[PDB]
>>> print(open('work.txt').read())   # compact mmCIF, C-alpha atoms (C1' of nucleotides) and all ligand atoms
# COMPACT_ATOMS: atom_id res chain seq x y z
CA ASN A 18 6.67 -86.81 -278.29
CA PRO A 19 3.80 -84.97 -276.57
CA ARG A 20 0.40 -85.62 -278.11
CA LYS A 21 -1.12 -82.14 -277.82
CA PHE A 22 -0.22 -80.01 -280.83
CA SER A 23 0.30 -76.91 -278.69
CA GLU A 24 3.33 -78.65 -277.18
CA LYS A 25 4.65 -79.73 -280.59
CA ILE A 26 4.36 -76.20 -281.99
CA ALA A 27 5.91 -74.88 -278.77
CA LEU A 28 8.88 -77.24 -279.17
CA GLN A 29 9.39 -76.41 -282.85
CA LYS A 30 9.18 -72.65 -282.31
CA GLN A 31 11.45 -72.72 -279.25
CA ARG A 32 14.08 -74.86 -280.98
CA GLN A 33 13.83 -72.67 -284.08
CA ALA A 34 14.31 -69.50 -282.02
CA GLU A 35 17.33 -71.03 -280.27
CA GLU A 36 19.00 -72.25 -283.48
CA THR A 37 18.27 -68.91 -285.13
CA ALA A 38 19.79 -67.12 -282.13
CA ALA A 39 23.02 -69.14 -282.29
CA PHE A 40 23.12 -68.81 -286.09
CA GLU A 41 22.65 -65.04 -285.99
CA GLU A 42 25.33 -64.68 -283.31
CA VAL A 43 27.72 -66.80 -285.39
CA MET A 44 27.16 -64.76 -288.56
CA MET A 45 27.86 -61.48 -286.76
CA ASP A 46 31.61 -62.12 -286.72
CA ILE A 47 32.65 -62.63 -290.35
CA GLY A 48 33.71 -59.04 -290.99
CA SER A 49 36.32 -59.02 -288.23
CA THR A 50 37.19 -62.54 -289.42
CA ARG A 51 38.12 -61.38 -292.92
CA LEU A 52 39.77 -58.22 -291.56
CA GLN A 53 42.01 -59.99 -289.05
CA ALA A 54 42.65 -62.76 -291.59
CA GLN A 55 44.42 -60.40 -294.01
CA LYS A 56 46.75 -58.76 -291.47
CA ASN B 18 2.72 -77.02 -304.03
CA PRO B 19 1.54 -80.26 -305.66
CA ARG B 20 -1.47 -81.84 -303.98
CA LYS B 21 -0.52 -85.52 -304.27
CA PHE B 22 1.62 -86.59 -301.32
CA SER B 23 3.87 -88.73 -303.52
CA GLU B 24 5.10 -85.51 -305.12
CA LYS B 25 5.60 -83.80 -301.75
CA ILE B 26 7.62 -86.73 -300.39
CA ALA B 27 9.52 -86.85 -303.69
CA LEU B 28 10.41 -83.15 -303.37
CA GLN B 29 11.47 -83.44 -299.72
CA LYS B 30 13.61 -86.53 -300.30
CA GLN B 31 15.23 -85.11 -303.45
CA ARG B 32 16.03 -81.78 -301.79
CA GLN B 33 17.31 -83.62 -298.71
CA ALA B 34 19.57 -85.83 -300.83
CA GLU B 35 20.93 -82.78 -302.67
CA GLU B 36 21.61 -80.74 -299.52
CA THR B 37 23.16 -83.80 -297.88
CA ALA B 38 25.34 -84.30 -300.96
CA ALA B 39 26.63 -80.72 -300.90
CA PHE B 40 27.06 -80.86 -297.11
CA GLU B 41 29.03 -84.12 -297.25
CA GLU B 42 31.25 -82.77 -300.03
CA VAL B 43 31.89 -79.60 -298.02
CA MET B 44 32.83 -81.51 -294.86
CA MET B 45 35.34 -83.68 -296.72
CA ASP B 46 37.89 -80.86 -296.90
CA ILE B 47 38.53 -79.76 -293.31
CA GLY B 48 41.61 -81.91 -292.76
CA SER B 49 43.56 -80.34 -295.61
CA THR B 50 42.11 -77.03 -294.42
CA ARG B 51 43.70 -77.32 -290.97
CA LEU B 52 46.89 -78.80 -292.43
CA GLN B 53 47.46 -76.06 -295.00
CA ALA B 54 46.34 -73.45 -292.45
CA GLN B 55 49.28 -74.17 -290.13
CA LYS B 56 52.03 -74.05 -292.78
CA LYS C 285 -26.78 -85.20 -271.78
CA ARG C 286 -25.49 -87.43 -274.59
CA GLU C 287 -26.44 -84.79 -277.17
CA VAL C 288 -24.09 -82.25 -275.60
CA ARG C 289 -21.63 -85.12 -275.09
CA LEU C 290 -21.49 -85.36 -278.89
CA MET C 291 -21.67 -81.59 -279.45
CA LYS C 292 -18.52 -80.89 -277.43
CA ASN C 293 -16.75 -83.64 -279.38
CA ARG C 294 -17.88 -82.11 -282.68
CA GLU C 295 -16.55 -78.72 -281.58
CA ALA C 296 -13.28 -80.26 -280.36
CA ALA C 297 -12.67 -81.94 -283.72
CA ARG C 298 -12.64 -78.53 -285.44
CA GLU C 299 -9.99 -77.06 -283.14
CA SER C 300 -8.01 -80.30 -283.44
CA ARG C 301 -7.95 -79.98 -287.24
CA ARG C 302 -7.01 -76.30 -286.97
CA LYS C 303 -4.08 -77.13 -284.68
CA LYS C 304 -3.11 -79.99 -287.02
CA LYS C 305 -2.90 -77.87 -290.18
CA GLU C 306 -1.27 -75.02 -288.25
CA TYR C 307 1.32 -77.46 -286.90
CA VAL C 308 2.12 -78.79 -290.38
CA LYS C 309 2.53 -75.24 -291.72
CA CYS C 310 4.87 -74.60 -288.79
CA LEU C 311 6.95 -77.67 -289.69
CA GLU C 312 7.24 -76.66 -293.35
CA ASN C 313 8.18 -73.10 -292.34
CA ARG C 314 10.88 -74.52 -290.07
CA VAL C 315 12.17 -76.67 -292.94
CA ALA C 316 12.46 -73.67 -295.26
CA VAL C 317 14.27 -71.66 -292.57
CA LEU C 318 16.68 -74.53 -291.94
CA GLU C 319 17.31 -74.85 -295.69
CA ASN C 320 18.24 -71.18 -296.04
CA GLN C 321 20.44 -71.32 -292.94
CA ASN C 322 22.17 -74.43 -294.32
CA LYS C 323 22.83 -72.83 -297.72
CA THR C 324 24.24 -69.69 -296.09
CA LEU C 325 26.50 -71.62 -293.71
CA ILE C 326 27.79 -73.85 -296.52
CA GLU C 327 28.55 -70.83 -298.72
CA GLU C 328 30.44 -69.14 -295.87
CA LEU C 329 32.44 -72.34 -295.31
CA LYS C 330 33.35 -72.41 -299.00
CA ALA C 331 34.45 -68.77 -298.75
CA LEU C 332 36.61 -69.33 -295.67
CA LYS C 333 38.19 -72.42 -297.24
CA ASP C 334 39.01 -70.40 -300.36
CA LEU C 335 40.51 -67.79 -298.02
CA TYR C 336 43.50 -70.05 -297.33
CA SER C 337 44.33 -70.63 -301.01
CA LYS D 285 -22.78 -99.08 -309.27
CA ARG D 286 -23.03 -96.50 -306.49
CA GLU D 287 -22.05 -99.12 -303.90
CA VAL D 288 -18.69 -99.69 -305.59
CA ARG D 289 -18.56 -95.91 -306.16
CA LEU D 290 -18.45 -95.59 -302.36
CA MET D 291 -16.23 -98.65 -301.85
CA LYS D 292 -13.41 -97.28 -304.00
CA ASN D 293 -13.65 -93.99 -302.08
CA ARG D 294 -13.46 -95.86 -298.76
CA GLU D 295 -10.35 -97.71 -299.96
CA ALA D 296 -8.79 -94.49 -301.29
CA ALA D 297 -9.22 -92.74 -297.93
CA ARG D 298 -7.03 -95.38 -296.26
CA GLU D 299 -4.12 -94.93 -298.68
CA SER D 300 -4.57 -91.15 -298.41
CA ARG D 301 -4.18 -91.31 -294.62
CA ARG D 302 -1.17 -93.63 -294.98
CA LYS D 303 0.53 -91.19 -297.36
CA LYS D 304 -0.39 -88.32 -295.02
CA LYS D 305 1.20 -89.81 -291.90
CA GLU D 306 4.17 -91.06 -293.93
CA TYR D 307 4.65 -87.56 -295.35
CA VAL D 308 4.58 -85.98 -291.88
CA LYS D 309 7.15 -88.49 -290.61
CA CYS D 310 9.27 -87.58 -293.63
CA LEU D 311 9.03 -83.87 -292.78
CA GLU D 312 10.03 -84.44 -289.15
CA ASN D 313 12.93 -86.66 -290.23
CA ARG D 314 14.08 -83.90 -292.59
CA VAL D 315 13.87 -81.38 -289.74
CA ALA D 316 16.05 -83.52 -287.48
CA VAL D 317 18.61 -84.02 -290.26
CA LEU D 318 18.70 -80.28 -290.95
CA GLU D 319 19.14 -79.59 -287.22
CA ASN D 320 22.15 -81.89 -286.95
CA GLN D 321 23.67 -80.46 -290.13
CA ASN D 322 23.16 -76.93 -288.78
CA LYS D 323 24.79 -77.73 -285.43
CA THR D 324 27.79 -79.35 -287.15
CA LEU D 325 28.27 -76.46 -289.59
CA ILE D 326 28.01 -73.87 -286.80
CA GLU D 327 30.56 -75.74 -284.68
CA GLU D 328 32.98 -75.94 -287.62
CA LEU D 329 32.54 -72.20 -288.21
CA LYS D 330 33.35 -71.53 -284.56
CA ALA D 331 36.46 -73.71 -284.90
CA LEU D 332 37.70 -71.97 -288.06
CA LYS D 333 37.08 -68.55 -286.50
CA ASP D 334 39.09 -69.59 -283.44
CA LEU D 335 41.79 -70.74 -285.88
CA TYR D 336 42.71 -67.11 -286.65
CA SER D 337 43.15 -66.10 -283.00
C1' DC E 1 -16.42 -80.56 -321.65
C1' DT E 2 -16.65 -84.86 -318.81
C1' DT E 3 -14.80 -89.43 -315.44
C1' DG E 4 -11.81 -90.55 -311.91
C1' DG E 5 -7.70 -90.08 -308.73
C1' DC E 6 -6.96 -87.80 -304.83
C1' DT E 7 -7.44 -84.88 -301.12
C1' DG E 8 -9.44 -81.37 -297.83
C1' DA E 9 -13.30 -80.75 -294.32
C1' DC E 10 -16.90 -82.82 -291.31
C1' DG E 11 -18.85 -85.99 -287.83
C1' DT E 12 -18.55 -90.29 -284.97
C1' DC E 13 -16.19 -93.69 -282.26
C1' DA E 14 -12.48 -95.63 -279.53
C1' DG E 15 -8.93 -94.61 -276.68
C1' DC E 16 -4.91 -92.14 -274.06
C1' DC E 17 -3.18 -89.76 -270.46
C1' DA E 18 -3.16 -86.47 -267.09
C1' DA E 19 -6.33 -83.59 -264.13
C1' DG E 20 -9.86 -83.95 -261.04
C1' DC F 1 -9.85 -95.64 -259.90
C1' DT F 2 -12.80 -92.45 -262.68
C1' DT F 3 -14.31 -87.76 -266.05
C1' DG F 4 -12.80 -85.08 -269.68
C1' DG F 5 -9.41 -82.94 -273.02
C1' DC F 6 -7.57 -84.33 -276.98
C1' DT F 7 -6.28 -86.96 -280.71
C1' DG F 8 -5.80 -91.01 -283.96
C1' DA F 9 -8.57 -93.93 -287.32
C1' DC F 10 -12.80 -94.57 -290.17
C1' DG F 11 -16.43 -93.34 -293.53
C1' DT F 12 -18.96 -89.82 -296.34
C1' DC F 13 -19.32 -85.72 -299.10
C1' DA F 14 -17.71 -81.94 -301.94
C1' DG F 15 -14.41 -80.57 -304.93
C1' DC F 16 -9.83 -80.07 -307.74
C1' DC F 17 -7.13 -80.90 -311.44
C1' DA F 18 -5.21 -83.52 -314.85
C1' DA F 19 -6.03 -87.79 -317.72
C1' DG F 20 -9.14 -89.73 -320.67
ZN ZN A 401 -7.38 -86.10 -290.90
>>> encode(input="work.txt", output="structure tokens", more="lines below")
Ligand SMILES: [Zn+2]
Amino acid sequence: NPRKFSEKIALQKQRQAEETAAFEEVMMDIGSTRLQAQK
Amino acid sequence: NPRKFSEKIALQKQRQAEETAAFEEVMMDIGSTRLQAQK
Amino acid sequence: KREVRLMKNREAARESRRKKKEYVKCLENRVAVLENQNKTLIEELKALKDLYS
Amino acid sequence: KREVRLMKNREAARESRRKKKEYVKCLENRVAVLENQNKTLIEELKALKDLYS
DNA sequence: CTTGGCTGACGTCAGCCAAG
DNA sequence: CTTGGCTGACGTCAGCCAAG
């Protein structure tokens, strides 16, 4: 891994923003999930 | 948080073992999930 | 010129420590976030599995 | 007795650094584990959501 | 209340690896 | 190939907080 801490913090924050983006998008569709699941 | 690193490592490893335990138990029941979901 | 050659090193050590501690705080923050995300995902999985029963 | 009073401090600094680096490696390991767990859980959620379609 | 374990900060020295 | 940014290790000094 890169030595300079700016690059380590950059990696951690970028990965965290990406995983949080995918997680937020995934959690947006549970309402329609439970609605279409009952019909 | 506790100063001594032994306690920090103890906390991280204990929490990690607990979350890994619950995660492993949760992933054990996807086969019966997809089997009972089709019937 | 050796005196400034040690002065710039002294100053660089400070910023290196700052970036070190900041980076560790970032890691711990990321761990907490990932813990909350994990707990939420696991709970939603339990809910959707109970949905079939 | 001050000489040993500095010797024990010198020795303690080494073990303190060892525990420091070890603790950081533990944190990073935990982050990687939590990342893999998150990706797996999210993929399984996507699969179960596609199961209703 | 007072030692001692233990850990933050500092400063110095090697040493790396990319920028010049 | 050679500076310089930057970062590991070391040692020293305050200083904390619980164990004595
Ligand atoms: Zn340090």
>>> interface_residues(input="work.txt", of="chain A", to="chain F", cutoff="10 Å", atoms="all atoms listed in the file", output="PyMOL selection string")
chain A and resi 20-22
>>> residues_near_ligand(input="work.txt", ligand="ligand ZN 401 (chain A)", cutoff="10 Å", atoms="all atoms listed in the file", output="VMD selection string")
(chain C and resid 297 300 to 301 304 to 305) or (chain D and resid 297 300 to 301 304 to 305) or (chain E and resid 8 to 9) or (chain F and resid 8 to 9)
>>> calpha_fit_and_write(input="work.txt", fixed="chain B", moving="chain A", output="short mmCIF file (atom, residue, chain, number, x, y, z; two decimals) with C-alpha atoms, in the coordinates of the input")
data_model
loop_
_atom_site.label_atom_id
_atom_site.label_comp_id
_atom_site.auth_asym_id
_atom_site.auth_seq_id
_atom_site.Cartn_x
_atom_site.Cartn_y
_atom_site.Cartn_z
CA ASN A 18 2.72 -77.02 -304.03
CA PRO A 19 1.54 -80.26 -305.66
CA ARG A 20 -1.47 -81.84 -303.99
CA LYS A 21 -0.52 -85.52 -304.26
CA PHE A 22 1.62 -86.59 -301.32
CA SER A 23 3.87 -88.73 -303.52
CA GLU A 24 5.11 -85.51 -305.12
CA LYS A 25 5.60 -83.80 -301.75
CA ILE A 26 7.62 -86.73 -300.39
CA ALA A 27 9.53 -86.85 -303.68
CA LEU A 28 10.41 -83.15 -303.37
CA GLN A 29 11.47 -83.44 -299.72
CA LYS A 30 13.61 -86.53 -300.30
CA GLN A 31 15.23 -85.11 -303.45
CA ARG A 32 16.03 -81.78 -301.79
CA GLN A 33 17.31 -83.61 -298.71
CA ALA A 34 19.57 -85.83 -300.83
CA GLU A 35 20.92 -82.78 -302.68
CA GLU A 36 21.60 -80.75 -299.52
CA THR A 37 23.16 -83.80 -297.88
CA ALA A 38 25.35 -84.30 -300.96
CA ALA A 39 26.64 -80.72 -300.90
CA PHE A 40 27.06 -80.86 -297.11
CA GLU A 41 29.03 -84.12 -297.25
CA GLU A 42 31.25 -82.77 -300.03
CA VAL A 43 31.89 -79.60 -298.02
CA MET A 44 32.84 -81.51 -294.86
CA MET A 45 35.35 -83.67 -296.73
CA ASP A 46 37.89 -80.85 -296.90
CA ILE A 47 38.53 -79.76 -293.31
CA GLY A 48 41.61 -81.91 -292.76
CA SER A 49 43.56 -80.35 -295.62
CA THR A 50 42.11 -77.03 -294.41
CA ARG A 51 43.69 -77.32 -290.97
CA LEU A 52 46.89 -78.80 -292.43
CA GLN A 53 47.46 -76.05 -295.00
CA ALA A 54 46.34 -73.45 -292.45
CA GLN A 55 49.28 -74.17 -290.13
CA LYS A 56 52.03 -74.05 -292.78
#
>>> atom_distance(input="work.txt", atom1="CA of residue 303 in chain D", atom2="CA of residue 286 in chain D")
25.8 Å
>>> closest_residue(input="work.txt", among="A:26, A:38, A:19, A:52", to="chain C", atoms="only C-alpha atoms")
A:26
>>> closest_residue(input="work.txt", among="A:54, A:39, A:33, A:48", to="chain B", atoms="only C-alpha atoms")
A:54
>>> atom_distance(input="work.txt", atom1="CA of residue 37 in chain B", atom2="CA of residue 327 in chain D")
17.1 Å
>>> atom_distance(input="work.txt", atom1="CA of residue 310 in chain D", atom2="CA of residue 30 in chain B")
8.0 Å
>>> interface_residues(input="work.txt", of="chain D", to="chain C", cutoff="8 Å", atoms="all atoms listed in the file", output="list in words")
residues 308, 311, 312, 314, 315, 318, 319, 321, 322, 325, 326 and 329 of chain D
>>> residues_around(input="work.txt", residues="residue 23 in chain B", least_positions_apart="4", cutoff="9 Å", atoms="all atoms listed in the file", output="list in words")
residues 27 and 28 of chain B; 303 and 307 of chain D
